[PDB]
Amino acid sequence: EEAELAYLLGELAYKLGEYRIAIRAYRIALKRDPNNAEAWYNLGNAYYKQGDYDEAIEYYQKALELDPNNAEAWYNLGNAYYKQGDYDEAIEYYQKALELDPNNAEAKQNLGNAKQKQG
């Protein structure tokens, strides 16, 4: 229904790089369905893509409280910490991402980058 339409609009907007429109659409989705883990996750991505890492972190966290079994969320949480030079936290979350999804090449590369920093 309308929340699903809002969600689809946000995804479409996101995929086309219209992050402000994605955010406004995901907000409508979340107003209607506040416990939608995937909407929080995607709102997080939209903020991430705009360089707003603190907001991304907050919404990734919210998504993971609702659904901790989202490997990609753990991974992006890692990235957002990495981009702020919080290498400890990035390492913790990349590792959690890999515990859930050992095949995430990207998380493995970034884990390695983060481990090499820190020092």
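Numbers for residues come from their place in the sequence shown, where the first is 1.
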Assert higher mean C-alpha B factor (84-92 or 24-32, deposited values) equals 84-92
Which wins on mean Cα temperature factor, 37-45 or 68-76? 68-76
Pull the Cα B-factor of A105 out of the PDB entry and bin it into the chain's lowest, middle or highest third. highest
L111: C-alpha B-factor third of its chain, per the entry, is the highest
What third of its chain's C-alpha B-factors does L16 belong to: lowest, middle or highest? middle
